[PDB]
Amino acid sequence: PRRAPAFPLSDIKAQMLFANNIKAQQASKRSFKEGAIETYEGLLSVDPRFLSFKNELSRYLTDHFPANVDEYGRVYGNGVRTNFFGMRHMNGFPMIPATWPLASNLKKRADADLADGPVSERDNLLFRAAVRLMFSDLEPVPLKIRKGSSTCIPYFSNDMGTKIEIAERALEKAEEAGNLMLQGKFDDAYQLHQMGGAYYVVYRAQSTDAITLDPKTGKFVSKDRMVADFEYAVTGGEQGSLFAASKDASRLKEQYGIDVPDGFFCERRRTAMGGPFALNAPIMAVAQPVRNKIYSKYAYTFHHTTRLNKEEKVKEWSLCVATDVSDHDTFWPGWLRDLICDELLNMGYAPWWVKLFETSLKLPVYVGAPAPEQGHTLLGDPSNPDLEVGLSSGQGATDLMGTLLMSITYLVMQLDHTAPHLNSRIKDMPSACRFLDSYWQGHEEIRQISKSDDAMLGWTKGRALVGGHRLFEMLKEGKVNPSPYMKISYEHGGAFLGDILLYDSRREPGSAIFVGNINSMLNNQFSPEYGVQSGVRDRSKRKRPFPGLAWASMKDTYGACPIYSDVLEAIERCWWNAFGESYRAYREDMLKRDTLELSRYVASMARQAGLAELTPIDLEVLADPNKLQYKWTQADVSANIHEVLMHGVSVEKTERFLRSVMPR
């Protein structure tokens, strides 16, 4: 069923992806690299005292605080959903090998018995209504760019001035590039305007992953993570193999002279892709106005801030179903990209813009280094973008693509299994739009709160409620998938956007509360994804600009967890045992140093201003800006703090660009 073409780095097609500069050339050739992360300034993730600490703490917390999750996956009591062994990884050392990204997910979807298009006309109207409501009356805003982010293919620039020039040029030339693509002249669009080429595959660490302690043997077992070899990836699974990657860390002693304590493993590695910036800029210029619309007009379903903001909505429900989606990005359907594009054309969107958007979701992928002596291969031909990878992580609108798919998928699930009496309200496009507009504002007896693959489905009192309970039972039974679109199940320990829904004896949403996940505090404090990057002078460009600041927001973020105090005391006791120092004093010193350093970056902050004007969100984001890419948005952050992390292209340039894209 057609193998994807593959080109080695030596091939002209791969050489054309990398500009004639040191950074781009280094990116093309970069071999497999691994090493201990600098967890905190002067502390490596493999430091013997640190691993001793992690061993004692993970064992103690699991012992004293076993998971309190009922038969229906509802969290109660202590607010704990699993063991605490997830911290037991040699951070910076990945599992081997990482996966080769699947060039086509068509067979993957078909074999999982998932649909190759909307099943019914109702579903087709709902997906199309989502496009109409999300992309209609948009207002232009400046194009915001993350400081220190790469432009990837072909320049690999990290310079803000260069990135602004690239983005401004992209907005000027997007029309000419899109029109070339409409003529099938992809090579010309890429050669002239750097719009096309490929995604650059970077493998990111998932610092904590499931580990269990086998009571029979007293030995730890890491969760097997399936990976595709090159043959499997190019054939979409027709040939080659899907096998468990090796998380065994024994090798670190032999290779690096690192002592590996019992039950410590190599980290899970996830594919992540970096888009060609010239192609992403015109997409981002439309994506941000879309987010502003859905987070304002449809704030009920889409705008999530605090645990109390979520709680106010959920408390009004008679039933709350916390869903789980299996491997969302890889299963994301190309038919949805095509349906979205077709609908945007029907709405009157510039055909050249729609073509750029379509192309961004079919683009080839350049594989770097999944393992030693592997990689440096382009999958797919940039002259005719035709890949079906699912949803590329570095595409300019990935969050919206997952949100569009999932929001409709969950609504269809509620219609099919609980509310057939609402089907008569969805007869054509105008009625589909009116119904969806009402549903997304939380005005119907069936409701939802969602973001990409995370959601909580609700039922108020009414005709759909009884069906809601049967659907929940069907999910518990786990024999039948309730959706034709994606693999849906219930979450084992229901949570929404980091906050655990803590139920009491009644097991009803009315008396349930949202609390911070204590395991996430431990993940963030002891297993960060990145090192401190102490060599990167400009802190605003680091992956973790001000790690010390997270101490100041900790009580606000995690204080509501039933075992908050217990965990902090266990940390103090274990850190004393391992380092002969106070963890609290260590964090207070880091908080002081980072507070002082922060004022250098904030124009409004005097030489020793303090954190007085900053919110807990501001502090969590300054310690981890990745939270601004999956948890929160621009409007949730103070303006003076957003400026530390982002820079923008003027609204004058974007306003002119947006006028040319949008209908009449």
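Throughout, we count residues from 1 along the sequence that is shown.
- Note on 454 to 462 vs 278 to 286: mean CA B-factor is higher in 454 to 462.
- The mean Cα B-factor in the deposited entry runs higher for 647 to 655 than for the other of 647 to 655 and 16 to 24.
- For the set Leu361, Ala419, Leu400, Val201, the maximum C-alpha B-factor listed in the entry falls on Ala419.
- The top Cα temperature factor in the record, among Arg337, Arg434, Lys107, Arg269, falls on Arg434.
- Among all modelled residues in its chain, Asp538 ranks in the lowest third by Cα B-factor.
- For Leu57, the recorded CA B-factor ranks within the middle third of the chain. Only modelled residues enter the ranking.
- Among the modelled residues of its chain, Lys163 has a C-alpha B-factor that falls in the lowest third, as given in the PDB entry.
- Per the deposited record, the Cα B-factor of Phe50 falls in the lowest third when ranked against the other modelled residues of its chain.
- Among the modelled residues of its chain, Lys29 has a C-alpha B-factor that falls in the middle third, as given in the PDB entry.
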